[PDB]
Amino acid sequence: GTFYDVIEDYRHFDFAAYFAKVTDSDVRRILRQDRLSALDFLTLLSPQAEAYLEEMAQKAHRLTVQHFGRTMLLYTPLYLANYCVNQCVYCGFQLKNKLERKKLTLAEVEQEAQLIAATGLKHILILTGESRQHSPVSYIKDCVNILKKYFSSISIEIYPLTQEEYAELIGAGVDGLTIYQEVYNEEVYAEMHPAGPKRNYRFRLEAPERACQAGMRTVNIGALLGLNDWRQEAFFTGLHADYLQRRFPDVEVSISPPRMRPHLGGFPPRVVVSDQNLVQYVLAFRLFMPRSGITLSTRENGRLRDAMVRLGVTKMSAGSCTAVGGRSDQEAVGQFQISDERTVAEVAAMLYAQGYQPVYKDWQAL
């Protein structure tokens, strides 16, 4: 009884045959409905629905304001360590790449925490590579103990854990989990993850459930856009979010639509995803799950992020750095290349000028 059962059930679902049946009347009908099914969400991801993106954006904006107000939660990532045993083809930290492997000392964690907290942020997301030798759970726990002096919400985006390990970290102060399945098609997942513990598709797929079972307050998921058939991968992300929300009615479920960016190693995206595709996904997902967060990172350029402020995004990073210690070492190599280099203050000033209140604690979004 896990999401894997749903993946198994859709193994023979014929996406092309479904899209072939969609008509404009279907899209107009869905825009009149209060509740959407998962296949109504698939219809809003169809080529035919590209003719209705304005109507979708009008309603998506209304729904977002209804549930979140004219607010935007700000946060930033903190990469603690970049040791990794996995060979993910698309990642700057994959094992076969040559870079300075680094783990922050606890005093470096504290100093970077102070630097970030000095901008006003209260939500932090901490990341590591998969290395139980260099960045074990006990080290992550020690970092959480320091960070809780500065941040009221600490989320983890680390290697997948057991339920008991999630419970341990929640007991130390972790509030939220972000974990991207990367690709929901099992065959393509095996192709993208040729070596390491991350080759275990099902263990990763079930990680959000294990964390929710352990009591995680918030969970943020997402496919990595660029690895596989984008409409199917967007569909499965939404299907997964809906599954989690139904299995755990009191967890706050969110999605991210991260697009592949340049990175050390140079693997090019297996599939191309346009700006309009990204917008269609965000709009369709907002209409499918009106109360779910949508997180937009600095992978997107500033002009597109500015345009998406009113289109369903509820959480934005700012002042990001994808390299371990890169906030004080401009030559440090990041996991991938960011696009929007604006600081926290610059993103907050942009939001105020759009009539949106930047907020620093998630409970202020209503």
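We number the residues from 1 along the sequence you see.
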Averaging CA B factors per stretch from the PDB record, which one is higher: 298-306 or 329-337?
329-337
Averaged over C-alpha atoms, is the B-factor higher for 235-243 or for 190-198 in this PDB entry?
190-198
Take the CA temperature factors straight from the PDB entry and tell me which of 208, 290, 77, 249 peaks.
249
Looking only at 280, 178, 213, 82, the Cα with the top B-factor belongs to 213
Going by what the PDB entry lists, where does residue 61 fall on CA B-factor within its chain: lowest, middle or highest third?
lowest
Quick check for you: using the entry's CA B-factors within this chain, is residue 166 in the lowest, middle or highest third?
middle
Taking the values exactly as deposited, rank residue 46 by C-alpha B-factor within its chain and report the matching third: lowest, middle or highest.
middle
Third of the chain's Cα B-factor distribution that residue 29 belongs to, per the entry:
middle
When the modelled residues of the chain are sorted by Cα temperature factor, does residue 204 land in the lowest, middle or highest third?
middle
